[PDB]
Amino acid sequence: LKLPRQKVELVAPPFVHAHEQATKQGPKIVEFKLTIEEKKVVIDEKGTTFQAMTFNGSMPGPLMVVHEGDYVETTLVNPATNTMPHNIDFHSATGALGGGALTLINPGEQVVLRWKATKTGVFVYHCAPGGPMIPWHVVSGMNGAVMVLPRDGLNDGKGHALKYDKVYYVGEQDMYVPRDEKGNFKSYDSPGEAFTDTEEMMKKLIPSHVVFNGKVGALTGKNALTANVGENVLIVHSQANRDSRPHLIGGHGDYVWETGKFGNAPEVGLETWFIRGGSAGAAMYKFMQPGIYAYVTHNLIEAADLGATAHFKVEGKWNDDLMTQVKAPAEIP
């Protein structure tokens, strides 16, 4: 395989490494490295801890971006400081359980997998060692996404280009943290020690936390997402295990690929869309008003009470034609 090689420097979510949309490049071998990290992390503002397992230290793992026809060559590294075997499975790839059957590595090992990007869209990747370990590693944080763009960039299905000014990757994670008898969340010394209690809870199918970017409030405050009025923003949303229903409060999905695959035309003008568990989707919106927006799953219990809220802070001029407060709060006549 004698194609040019291009290295990518991955960046932590919700940011995305620099890439072209439409390109005049032909197929390349695009080289990525992912290093697995098992670590105890804090997941909420009360200080609840969690035995996480991650690609590159983040939940979600970083977004990888290539074009249709590229070959994706991933070096997966499992350092000796980890305790368990791991692998990687790409929903974008064809064969060998997505790559999982060719990438099982013990602590202290690495492996190199190449796959051809023959299908366009956004796709989940995740660890999948085998058996009951599969859901456990996924819900512990071992999932991310890849985006495979058409070489001509995105289009609206009617012959018009859609170009985004920026892209963000929102990875949603369902977490299962057991409680003790008095009702406090339990802490564990190792992923192995968390396993028995965690599996019992997992099989009851109700998460304790549903978070974006690994923690309650991760995409708020100094880390709110940003835009300006007039900017077209692409939001890639993934959920490797459980359904989600994204919604931009105060906005819309102007162009939405809820099943996430660019060979299908987008739907237009959505209020709320649906990300099937085990998939990624994408939505584009051109901001028309300044101020704060919330990006949520629109099970509002999960959004407000279990962690699944991000903010956008948008700069620009208020449009009174679109919306105006005609009369401020006042006493009823």
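Position 1 is the first residue in the sequence shown; the rest follow in order.
Chemist: Select between 109 to 117 and 234 to 242 the stretch whose C-alpha atoms have the higher average B-factor in the entry.
Modeler: Stretch with the greater average CA B-factor: 109 to 117.
Chemist: Which is higher in the entry, the mean Cα B factor of 140 to 148 or that of 72 to 80?
Modeler: Averaged over C-alpha atoms, the B-factors run higher in 72 to 80.
Chemist: Check the PDB entry and point out which of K215, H86, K261, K222 has the largest C-alpha temperature factor.
Modeler: Comparing C-alpha B-factors across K215, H86, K261, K222, the maximum falls on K222.
Chemist: So if I compare the CA B-factors in the entry for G171, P207, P191, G250, which one is the largest?
Modeler: Max CA B-factor in the entry, restricted to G171, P207, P191, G250: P191.
Chemist: Sort the modelled residues of this chain by their C-alpha B factor and say whether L306 lands in the lowest, middle or highest third.
Modeler: As the PDB entry reports it, the C-alpha B-factor of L306 lands in the middle third of its chain.
Chemist: Determine, from the deposited record, the chain-internal third of the Cα B-factor for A283: lowest, middle or highest.
Modeler: Lowest third - that is where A283 ends up once the chain's C-alpha B-factors are sorted.
Chemist: Using the B-factors in the PDB entry, rank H91's C-alpha atom against the chain and give the third, lowest, middle or highest.
Modeler: It falls in the bottom third of the chain.
Chemist: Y164's Cα B-factor: lowest, middle or highest third of the chain?
Modeler: Middle third by C-alpha B-factor.
Chemist: How does the C-alpha B factor of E37 compare with the rest of the chain: lowest, middle or highest third?
Modeler: CA B-factor rank for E37: middle third.
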